[PDB]
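A.B. asks: Take a look at the following structure, please.
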Amino acid sequence: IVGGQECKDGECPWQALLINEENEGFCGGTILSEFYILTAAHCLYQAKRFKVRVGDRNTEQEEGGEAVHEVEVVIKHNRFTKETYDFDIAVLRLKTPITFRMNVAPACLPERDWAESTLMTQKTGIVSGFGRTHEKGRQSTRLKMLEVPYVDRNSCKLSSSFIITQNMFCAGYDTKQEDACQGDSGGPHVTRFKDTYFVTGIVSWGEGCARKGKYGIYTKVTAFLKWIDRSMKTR
Amino acid sequence: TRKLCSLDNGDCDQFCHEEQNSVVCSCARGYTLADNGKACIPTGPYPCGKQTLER
Ligand SMILES: CCOC(=O)CO/N=C(/c1ccccn1)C1(c2ccc3c(c2)nc(CNc2ccc(C(=N)N)cc2)n3C)CC1
Ligand SMILES: [Ca+2]
């Protein structure tokens, strides 16, 4: 996350971190329930084998609040392709249930129509992650969050050098130096409504980070609600 | 004056659907629709979408 702020205690409890064999985070994820994690299909290539860490806010010093979970089943959207990065979504089923507590709680899955008319129309959403804090740099050791304005699809497509499908959406600033970045991929994009946060997107890609005239690109969760519900029932 | 889910989300805490021409509120998993048929009551200490704050 370039810019933004540090997630304070309990502010981003649905954030999950995918960690490799060396126990280093390489992508984010969103807790959906005690057994399921939402992430980006492309993140599955960043590591042969990986685990999921929840409750972490500072990768540096382990404070006991963290918890590591092995993945039992990986459900990757069969249509994902690096050619277009369309269908950039995956669901992971853990071997053991997550214990919700301080800094560990699921984000709500909204209903499609309501989400599109009430959530997607909000002025802003919130993205978070342990990704790079600068286009060129190391991954953040601290979990950060950033308020990002929803960007109308028209401006989005015109600003992009690559095709923006209907399974994607833009969020962020035109010039302001705030945006998600490498490492935040697979992470949560949530929208607040009456003090309740709903998962609305998955950090997917972007042309650089916080680059002028460019926005952050996210997988549109509303486009896969049926697919997600389907995946959370063995299928 | 007539209007539904388009008017302040139909006064629903969460999901709002217009059935028959009337407002019908619903909630995400982990919540129960309150008696007033509008508010969503958490069933446990860590309902989805709620920050876990204390101070
Ligand atoms: C790392 C892969 O890069 C490539 O395959 C070649 O670049 N190809 C594309 C592309 C996009 C859409 C359709 C076709 N081709 C891209 C591209 C594609 C996938 C990418 C990427 C950059 N960077 C990442 C790393 N994560 C990332 C970076 C910036 C973000 C942001 N600004 N909000 C959010 C996430 N991933 C994951 C140049 C813009
Ligand atoms: Ca820690």
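These residue numbers are counts, starting from 1, taken along the chain as shown.
So this one's X-ray crystallography, 1.9 Å, going by the header.
Using the three backbone atoms N, Cα and C, a Cβ is placed for every residue, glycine included.
Not my notes, these are from Swiss-Prot:
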DOMAIN    A:1-233  domain 'Peptidase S1'
DISULFID  A:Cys7-A:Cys12  disulfide bond
DISULFID  A:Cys27-A:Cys43  disulfide bond
ACT_SITE  A:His42  active site, charge relay system
ACT_SITE  A:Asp88  active site, charge relay system
DISULFID  A:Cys156-A:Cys170  disulfide bond
DISULFID  A:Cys181-A:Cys209  disulfide bond
ACT_SITE  A:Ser185  active site, charge relay system
A.B. asks: Work out how many Å separate A:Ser185 (active site, charge relay system) and A:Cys7 (disulfide bond) at their Cα atoms, rounded off.
C.D. replies: 17
A.B. asks: With the Cβ atom as the reference point and anything under 6 Å counting, tell me which of the recorded positions (A:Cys27, A:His42, A:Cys156, A:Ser185) are near ligand 1.
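C.D. replies: Near ligand 1, sequence order: A:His42, A:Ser185.
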A.B. asks: Please classify the secondary structure at A:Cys170 (disulfide bond) using three-state DSSP.
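C.D. replies: The three-state answer is strand.
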A.B. asks: Of A:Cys7, A:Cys12, A:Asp88, A:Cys170, A:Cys209, which recorded positions are close to A:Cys43 (disulfide bond), meaning a Cα within 10 Å of its Cα?
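C.D. replies: So the list reads A:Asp88.
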A.B. asks: Measuring Cα to Cα, how many angstrom lie between A:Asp88 (active site, charge relay system) and A:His42 (active site, charge relay system)?
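C.D. replies: So the Cα of A:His42 (active site, charge relay system) lies 6 Å away from that of A:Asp88 (active site, charge relay system).
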A.B. asks: What does DSSP say about A:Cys27 (disulfide bond): helix, strand or coil?
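C.D. replies: SS state of A:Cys27 (disulfide bond) = strand.
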A.B. asks: Say you check the Cα of A:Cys209 (disulfide bond) against those of the recorded positions A:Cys7, A:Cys27, A:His42, A:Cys156, A:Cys170; which is nearest?
C.D. replies: A:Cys170
A.B. asks: Measuring CA to CA, name the entry from the recorded positions A:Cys7, A:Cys12, A:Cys27, A:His42, A:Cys181 that ends up nearest A:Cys156 (disulfide bond).
C.D. replies: A:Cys181
A.B. asks: For A:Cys170 (disulfide bond) and A:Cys27 (disulfide bond), determine the Cα separation and express it in whole Å.
C.D. replies: 19
A.B. asks: Which residue, out of the disulfide-bonded residues A:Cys7, A:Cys156, A:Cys181, shows the minimum number of other Cβ atoms inside 10 Å of its Cβ in this structure?
C.D. replies: A:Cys156
A.B. asks: Restricting to the same chain and to sequence separations of six or more, state which residues have a Cβ under 8 Å from that of A:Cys12 (disulfide bond).
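C.D. replies: Counting only residues 6 or more apart in sequence, the Cβ neighbours of A:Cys12 (disulfide bond) under 8 Å are A:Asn103, A:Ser128, A:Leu143, A:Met145, A:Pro188.
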A.B. asks: Per DSSP, A:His42 (active site, charge relay system) is which: helix, strand or coil?
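C.D. replies: For A:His42 (active site, charge relay system) - judged by DSSP and reduced to three states - the answer is helix.
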